[PDB]
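Below is one structure; the comments refer to it alone.
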Amino acid sequence: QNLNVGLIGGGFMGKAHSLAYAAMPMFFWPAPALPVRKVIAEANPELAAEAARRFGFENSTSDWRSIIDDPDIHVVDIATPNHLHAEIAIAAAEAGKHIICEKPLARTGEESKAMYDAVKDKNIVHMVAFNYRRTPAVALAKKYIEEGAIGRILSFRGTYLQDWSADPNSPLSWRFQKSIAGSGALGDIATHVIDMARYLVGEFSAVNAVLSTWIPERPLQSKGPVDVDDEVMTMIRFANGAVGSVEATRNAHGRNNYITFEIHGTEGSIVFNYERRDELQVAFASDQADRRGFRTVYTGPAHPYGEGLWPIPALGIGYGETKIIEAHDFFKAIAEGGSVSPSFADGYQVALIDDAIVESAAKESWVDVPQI
Amino acid sequence: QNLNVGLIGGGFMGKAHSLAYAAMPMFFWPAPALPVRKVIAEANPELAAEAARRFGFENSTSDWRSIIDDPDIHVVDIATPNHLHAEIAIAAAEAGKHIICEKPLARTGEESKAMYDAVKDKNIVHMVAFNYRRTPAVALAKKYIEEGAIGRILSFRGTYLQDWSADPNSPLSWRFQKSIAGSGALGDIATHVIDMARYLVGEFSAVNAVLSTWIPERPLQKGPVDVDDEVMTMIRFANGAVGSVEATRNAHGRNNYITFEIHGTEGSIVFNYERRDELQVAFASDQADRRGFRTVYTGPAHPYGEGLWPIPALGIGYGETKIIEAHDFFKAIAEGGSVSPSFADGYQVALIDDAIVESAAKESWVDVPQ
Amino acid sequence: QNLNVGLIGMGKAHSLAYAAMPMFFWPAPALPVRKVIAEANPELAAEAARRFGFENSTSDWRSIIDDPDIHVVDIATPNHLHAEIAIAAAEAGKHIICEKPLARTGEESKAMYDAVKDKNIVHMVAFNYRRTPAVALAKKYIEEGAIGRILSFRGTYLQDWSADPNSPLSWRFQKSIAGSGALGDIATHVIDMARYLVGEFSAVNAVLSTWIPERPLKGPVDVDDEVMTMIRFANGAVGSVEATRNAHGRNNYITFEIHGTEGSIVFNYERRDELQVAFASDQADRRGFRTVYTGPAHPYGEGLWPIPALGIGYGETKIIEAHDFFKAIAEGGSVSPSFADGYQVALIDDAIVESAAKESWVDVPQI
Amino acid sequence: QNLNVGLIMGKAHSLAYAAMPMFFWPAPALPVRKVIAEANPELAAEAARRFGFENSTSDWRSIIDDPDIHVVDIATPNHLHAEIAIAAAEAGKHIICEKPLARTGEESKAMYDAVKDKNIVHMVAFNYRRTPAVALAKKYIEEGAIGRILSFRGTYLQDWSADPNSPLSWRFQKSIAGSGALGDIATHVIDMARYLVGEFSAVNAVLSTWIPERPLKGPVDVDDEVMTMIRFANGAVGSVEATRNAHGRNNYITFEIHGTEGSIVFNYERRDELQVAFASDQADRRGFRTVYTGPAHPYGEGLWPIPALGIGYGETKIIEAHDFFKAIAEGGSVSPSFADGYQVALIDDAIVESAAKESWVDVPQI
Ligand SMILES: O[C@@H]1[C@@H](O)[C@@H]2OC[C@@H](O2)[C@H]1O
Ligand SMILES: O[C@@H]1[C@@H](O)[C@@H]2OC[C@@H](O2)[C@H]1O
């Protein structure tokens, strides 16, 4: 089963998605379906054609509407900035195409809602690309939790710390522009952590939060106001009684892609650091008193997704393997006419949480999360 | 000069203090003053004798009033549970004695006030035992900060995570009893973190917190647990910086996990007490291609180095923190100067705690009673 | 622009490079074509072709040399067949990459060197790990004198995948086919790192070992499980290297620790995104190993991920290979870890074998 | 009872005596800082008040000749190691003795001979091997928990003498010290190997020196860095390496031990941690466990009530002391004994020769 993909957007993500479509069958064999890089769309025809040569798409187009309207495209992948996710995804749904959309699902909850509405009664597979939950080490922690190996979860600390724009001479790209992005650190990076909280712990009841802009204007390369958050911190109460906290910032010198978490359970703990993604740290309370401690577990054949990755632990998981796994699960769901997680349902829930964080920060009070 | 010490209590903080006295001048020489282990109080006379023999005091007693009524006693050291801090220090105050008291200062901010009031206007050195601040790494952090080497502080994340009581069959000690501890994690370990925040970032403007009790009853020596196992709080600092503090007793694999991460405009600092000897600092001024966290091991080139070990990583333990603390306490007495942190700092911490509890109850931002 | 490839054969790793090389490094030196692939029979070879996405397949590997429309040959066979395929491919004027170790022995390897040394072809051995961005950064550091002149060296490669005696007796455990054990399999990658970072070897003295005598199919192992050699370098530096298969808790632990006159470097491939660099010129109160995450600012970083610690995996390593290999071809220059390097290493292996025989130091036929 | 000590780096030992009973209690024997010696009567008096001795002296002889004292403790450079040890032994004095035991094994012989026939409680200060983490390794091993030992790596990397303008102290002078790194530091690793595996049967090494002249500028005549391989008497193979010219390493005493059914790793820059990987872990959760030392672990009965409250150099020597004073008050032996001390010295000479010619060299195994 060969599926033609139409990739919309050929920036950093275009390359990550193309990589996965190229590589995924080499990894997961026999593959549930073969990706075909059939057509890539970009802002103008020279870029489109150049992106296609670079990523190995057969065709190219200056209009994505060309892809939605082409009946032999089975999969629309949306790798555009956050302002185009909804319009393209709703056209794709109406055209009955299977859809993977990059995060955040959209700019607001209300806009994420329409995308969900347009998809939820169709007979298509819809996905949002929170690829980090498919880091093997994160699946491994999920396995540990679900098999009861750390007891009931008490507590969750999560972070996403970067510094790529800590320098205020960094320009005012779309990530800093509210009307395109919807939010700053919150939508761009905190959403990956929120998804991990949801996957590993469970649903959010309420949030109580603080948003900070540290660099309120930047040069307009290619002096503009930064009307989004640079940093977010929020306390969380979970439906299942767990408590927790998330912190994300663009302004943490010495932190590059420091997605982490620490889960405290009644019978153990789990710690994850994406800058060292090959590793999961786990402490079992049932260890013998003189050999109790976090053990560092390197992922490989023995761990979730091991079958289709590298032959020994620590041969090296990179960004690209997270996207290969994602694609595997997506195309598997299509091949077997099932659903995948996280879906637009998961996407819309994250957008509601985000809105509840913004709300909470304006009112400076606990705000209950709407549960879809 | 030979200052005589009246130690009240010889428990888990029995050998800690007594080591400090015994060893301080060995380390920092010439010494400001020689601590003399004069007398130690415990609850019963046999217990006290046992203690004095062990901790190498000259004398002992069962009544702590004895100590405060002796005019030979230059220094009182309070290492009792939290229910007796106040009454002893207020008495010791009147007796004109120098005081060092364990944390938390008292069970509440009302009880802490008294103690503060009782030393305010008296001409005596008063110290509260937030010893972890005097880990060299944390002094080295203070150094970089106030040097301006990491710029203006944006953010503070601090933790004190433990697991000694994570097992529910762990018995109901005083630390789990509200009326004698005052509070749980908040008092017993959060207070260490709060102080480091006050020390490295500055004063608390306001807090918004959650307290949690996971194991609500424990076997007796079963009885209820009417205190804090875990505390989560966000913070507004008086200086614009934001941050958060998190402490627990129910974190499997966390033993003495006092950490912080500070984010400045020009750099970052990371500390982990489970590896005391190290401080992580990351400078923006580094060349693009050799920029990241540098792991500095502490020794002669760092604060308090001159009177610790001759090379970095020969190793800093719990005892050294107490040695450095003693030195600074006695150097203050010797100079008729003063010391940080004092009962003013302890009182402040007790207000932050009260505001935290008040916050958790109201599920609201509370302004810290400055 | 379009070089046709003929892979013959962990053949996914190579196929990923060819698929993915132009996505990363763009403009591409030359667009690779997965044209043909050979395996031990035509069904497996047709399986391989569907999985790894080659246009065409064969069970007879001579076919691919015999084809003139090929350009590149990629030898991912076990260790007994490198030279046969290498020599044959050389005579056909074929651009070549071959896996490590170059062959079972130095002599076997000598052939391969001569076959190519004369010809008009880019030739390469598959020391991919040296193209880990962190290791390439550690070069940038050493070559600008930033660590001064190199004194000492401690490379390792500790694995544990056959530390169970019940792990079966595959080909990597037969001198017949593997040549050596840990020495040729993995120690070979560290020896190349030594050469690329400090310099040429001068003499070595070694204790080969075997902890697993028999493994199931129950037959004998007739190769080294573990090797430590001591080293004197041409430049005057000192060093030691220790590669094993029997270190429980070690998976793909490729360590090095260089000591220079103005600094140090440590590397751990298990955390390959990091290099640790300690500079003596650091203010004395803020001096120590600093942890550098590789990214755009560092070597090969312009055509990898847009931010550090987004993650480098085994694959990007091989991607950078395919980039430099094809870069050599499309220009006409030459790629470093060549058969020369393969041959030199094979000799170091021979020396090391000798050393553990003669319980003494053994100079190294520098070439 | 009160075992009066005579203390001929000096603040570490004094700390031990002062502190050791409040740690381990009921204590085995309450030490007395009774006499301290040193270069001259000024330094001695100064040192005596600092480290809280009852008396001082400028002649070490006087301490031997004083039959009120119970214990000698040598803390001088290597040149003065021998002529004190014998005298103290003849005098029938209990002994501790800063490593290395002597500038040469030649000399060390006498020191063992002098002791062993009389039933002295006698020791050499290999303090690191009583870091609780290393004790926990011994316990793991002894228990079989990592099965049989196969291989061994050990290190001592330092950088204090890594700037050439660093002064020509007594550790770069052959006649005084005897060995540089080999005997100043590499000796500690040797002791660990000997303790966690077994005896050395043969050795090969390379000595190296990177800074020949220093300010005092005189000439440096000793080994800056030493690299050696090992064959253990039980089959195991090994490596030992130490240097003074390793920028970024401060006090980096380390080992990695591969067992049949596990591995153990130690980094003294983080003494509180032992890293153990048990092969018997389930396959989806297998790897190095970082264990923080506390009550559950060895020596934990008399240290801090919580793991990671923190172990420093001092605690190391408080254990060294309580073992010794435990060995006097019950009368048995103590490892590492002068025996252990001499073996190390022999091992050290083998290494000297090993490097000398460039071939392997058996270890005269006592
Ligand atoms: O999702 C992406 C992350 O992997 C990383 O963080 C910033 C940018 O790159 C973000 O859009
Ligand atoms: O034995 C001592 C070591 O613990 C340490 O390293 C140098 C010096 O201090 C040495 O004499």
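The figures here come from the full heavy-atom set of this structure, side chains too, leaving out hydrogens, waters and symmetry mates. Quick note on labels: first sequence line is chain A, next is B, and so on, each numbered from 1.
For the pair D:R285 and A:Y144, the cation-pi test (distance below 6.0 Å, angle within 45°) is failed. Figure legend: C:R245 and C:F173 shown as a cation-pi pair, the cationic atom lying under 6.0 angstrom from the six-membered ring centre and within 45 degrees of its axis.
Every residue two or more places apart in sequence or in another chain was checked for a side chain to side chain donor-acceptor pair (under 3.5 Å) with A:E307, and none qualifies.
Side chain of D:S354 to main chain of D:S359: a donor-acceptor pair is present (N/O by atom type, distance under 3.5 Å, no hydrogens or angles). At least one donor-acceptor pair closer than 3.5 Å links the side chain of D:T228 to the backbone N or O of D:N204. Judged by distance alone, with hydrogens and angles left aside, the side-chain atoms of C:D185 form no donor-acceptor pair with the main-chain N or O of C:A182 at under 3.5 Å. D:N267 contributes no side-chain N or O that, together with a main-chain N or O of D:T254, makes up a donor-acceptor pair within less than 3.5 Å. In terms of modelled atom types and a separation under 3.5 Å, the side chain of D:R270 and the main chain of B:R275 share no donor-acceptor contact.
With values rounded to the nearest 0.5 angstrom, C:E257 atom CD is found 6.5 Å from C:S264 atom OG. Atom-to-atom distance recorded for D:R271:CZ and D:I311:CD1 is 8.5 Å, nearest 0.5 angstrom. Remark: C:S162 OG to C:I212 CD1 distance equals 8.0 Å, nearest 0.5 Å. Here the CD-CD1 distance, from D:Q158 to D:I185, works out to 4.5 Å after rounding to the nearest 0.5 Å. How far CG of D:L150 is from NE2 of D:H258: 9.5 Å, rounded to the nearest 0.5 Å.
Among all heavy-atom pairs drawn from A:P301 and A:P311, the shortest one is CG-O, 3.2 Å. Taking both residues in full, the closest heavy atoms of B:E274 and B:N255 are given as OE2-N, 2.9 Å, listed atom of the first, atom of the second, then distance. Annotation for D:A202 and D:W360: closest pair CB-CE3, 3.8 Å, computed over non-hydrogen atoms. Nearest heavy atom pair, residue C:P168 against residue C:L217, reads CB-O, 4.5 Å.
B:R254 has its side chain within reach of A:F294: a pair of non-hydrogen atoms, C-beta onward, lies under 4.5 Å apart. Taking 4.5 Å as the limit, some side-chain heavy atom of A:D290 sits within range of a side-chain heavy atom of D:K139.
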Just do the salt bridge (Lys or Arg N to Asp or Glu O under 4.0 Å) check on A:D287 and A:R295 with the steps written out, would you?
CA-CA 11 Å; A:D287 287 344; A:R295 46 179 103 171; 2.9 Å; yes

As a quick check of understanding, evaluate ring-ring contact (aromatic ring centres under 6.0 Å, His included) for D:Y292 and B:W164, giving each step before the final call.
CA-CA 13 Å; D:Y292 284 89; B:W164 54 266; over 10 Å; no

Report the C-alpha distance between D:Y268 and D:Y156 in whole Å, list the side-chain angles of each, state the deciding distance to 0.1 Å, and finish with yes or no for ring-ring contact (aromatic ring centres under 6.0 Å, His included).
CA-CA 9 Å; D:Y268 184 89; D:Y156 210 133; 8.0 Å; no

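Relative orientation of the D:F200 and D:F232 rings is tilted, given thresholds of 30° and 60° on the angle between their planes.
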